[PDB]
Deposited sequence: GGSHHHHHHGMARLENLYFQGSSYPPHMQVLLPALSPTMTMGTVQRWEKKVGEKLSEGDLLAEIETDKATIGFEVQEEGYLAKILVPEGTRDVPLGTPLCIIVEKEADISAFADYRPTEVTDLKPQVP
């Protein structure tokens, strides 16, 4: 199937956030990601939040394009993989241990 991968879900980035606009992507498909890099500007009602990568890897696919308003909590925003050979395998869209 697909290789080991993680889906980044949109969290409640504020105690009352229920949705957010994906204002800008800060990483490009194919770029390395370390714990804490800036991934995206998420705009709400209350702030423009810098969303940080919580897990190190590589950006495989963006599921939710820039500009998409009103993305609900829990929406997969994008896909992370463990090695950069595994990116190409996601062009057309439990061993993470």
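Without any C-alpha position in the structure, which residue ranges of the deposited sequence would you list, numbering from 1? Going by the record, the segments left unmodelled (no C-alpha atoms) fall at 1 to 22, 116 to 120, 125 to 128.
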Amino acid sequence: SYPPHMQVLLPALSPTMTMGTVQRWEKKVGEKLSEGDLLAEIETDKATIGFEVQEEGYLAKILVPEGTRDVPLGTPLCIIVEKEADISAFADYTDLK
From here on, numbers count along this sequence of modelled residues.
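CA B-factor placement of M17, once the chain's modelled residues are sorted into thirds: Bottom third by C-alpha B-factor.
Place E35 in the lowest, middle or highest third of its chain's C-alpha B-factors, as listed in the PDB entry. As the PDB entry reports it, the C-alpha B-factor of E35 lands in the highest third of its chain.
Should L9 be placed in the lowest, middle or highest third of its chain by the C-alpha B factor in the entry? CA B-factor rank for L9: lowest third.
Relative to the other modelled residues in the chain, which third contains the C-alpha temperature factor of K46: lowest, middle or highest? As the PDB entry reports it, the C-alpha B-factor of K46 lands in the lowest third of its chain.
Compared with the other modelled residues in the chain, in which third is the CA B-factor of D70? Lowest third.
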